[PDB]
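What follows is one chain in structure tokens, specifically the form deposited in one PDB entry.
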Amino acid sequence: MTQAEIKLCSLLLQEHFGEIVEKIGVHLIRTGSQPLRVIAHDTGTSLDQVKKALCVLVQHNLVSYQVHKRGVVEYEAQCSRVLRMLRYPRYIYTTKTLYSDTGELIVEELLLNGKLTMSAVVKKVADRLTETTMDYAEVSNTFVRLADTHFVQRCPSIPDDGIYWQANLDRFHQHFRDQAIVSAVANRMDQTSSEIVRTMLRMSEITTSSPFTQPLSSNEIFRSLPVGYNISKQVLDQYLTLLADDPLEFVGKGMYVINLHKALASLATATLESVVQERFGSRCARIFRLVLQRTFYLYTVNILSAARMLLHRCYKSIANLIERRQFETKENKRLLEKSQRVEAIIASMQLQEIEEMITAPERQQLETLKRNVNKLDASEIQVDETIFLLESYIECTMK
């Protein structure tokens, strides 16, 4: 919806799917919801290339479709959903964190392969865990836990009416939001204070996420606490300290509430401070801290516009990271092709003379590239962690 995000979508769509898919994808992003003939005409693409490109995009949950007026299907792509391709490593990891390699592989399969039936996922995962015997029933049980906890959901309703599975991104997001609030409350408070916020966020998963938590009572919060030795008097002292606290994650009016917008507001600002410390230094990070709670172009306590433009800078840097990775990998096209071919000979199996095909300076270059690629990969994940926080905060500031 801005050139920064549209350049990013373009890059992702081509890296993952190539020329025509990028062409059709970017088009539906730029020009909006429209039928096949128009896409074909407006893009100067053959009606079958459009048909195929849309199939790949639908398969990958990147393009949705709808029947309007009479029998006329209009295709639509969401710029945001394409940028979520950058968050896939986090979704997959978060799953492993909660469920085993079973959870990890289910979400990896659904995210990377696209639309799959519960059957196709269970089969694909069991085989994958067997090659490292995997009981398909345990795979199926993990899938059911994911679906019950809404981390995984059926695609909206050929027109194959709910027979396919999709990872629920809105669920991973509220989890990331809740995870962040708790961690903030743990690093600035008491851990017993963070656990109280956690259960409060856990039980208020009902009446979320469309500024403030659903009002919760002291009596029910006590009953909903996990299996851990704690008296009602101790907990009541903790809600009271949560109420009267500097970050302002609570207000109450026993009935207690979590100030979700202030929670995101303070997460956003702390992320701004980190950029100040990395770009300007520790001496300059101390100056720009007191101005919060002009030497360099910004305004006194301007929360939104700073985050709103830091997001723009995040989209630009992620786009720069991708371009550099493509550049590094293109400048070594011949060598990594030699590396690929050398790997193929060893797989068919003496071995030492086949390895020798790659010279020591060539292996020094392949390792430097692997190190550099892993470095750019890691930055991309780390920048998206900032993107999530800025986006969430900015989305919450649309009340």
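Only residues modelled in both forms are compared. If you superpose the two forms and keep the largest set of C-alpha atoms that fall within 1.5 Å, you have the rigid core. Don't overthink the numbering: it's just position in the shown sequence, from 1.
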item: Deposited but uncoordinated residues in the residue 253/residue 254 interval; value: 4 to 9
item: Size class of the missing deposited segment between residue 293 and residue 294; value: 10 or more
item: Entry-level comparison of average CA B-factors, 196-204 and 277-285, reporting the higher stretch; value: 277-285
item: 213-221 set against 140-148, stretch whose average Cα temperature factor tops the other in the entry; value: 213-221
item: Which of 45, 352, 374, 332 ranks first by CA B-factor in the deposited coordinates; value: 352
item: From 370, 70, 338, 41, residue of greatest CA B-factor; value: 70
item: Residue 102 CA temperature factor, ranked by third within the chain; value: middle
item: Chain thirds of CA B-factor: placement of residue 226; value: highest
item: Chain third (lowest, middle, highest) by recorded CA B-factor, residue given as residue 174; value: lowest
item: Where the record places residue 305 (Cα B-factor, split into thirds across the chain); value: highest
item: Lowest, middle or highest third - CA B-factor, residue 114; value: lowest
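Keep in mind that the form deposited in another entry is not shown, yet the notes after this line are about it.
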property	result
Residue from 199, 259, 140, 238 whose Cα, after superposing the rigid core, lies 2 Å or more away between this form and the one not shown	238
Core-aligned C-alpha movement of residue 114 between this form and the one not shown, 2 Å or more	no
Residue 226 C-alpha moves between this form and the one not shown by 2 Å or more, core aligned	no
Yes/no, residue 248 Cα shift of 2 Å or more between this form and the one not shown with rigid core fixed	yes
Outcome for the Cα pair residue 247, residue 183 in that other deposited form, compared with this form (closer or farther; change of 3 Å or more)	farther
Closer or farther: C-alpha pair residue 242/residue 307 in that other deposited form, relative to this form, given a change of 3 Å or more	farther
Large-shift segments between this form and the one not shown, meaning 3+ residue runs whose Cα move 2 Å or more when the rigid core is superposed	228-253
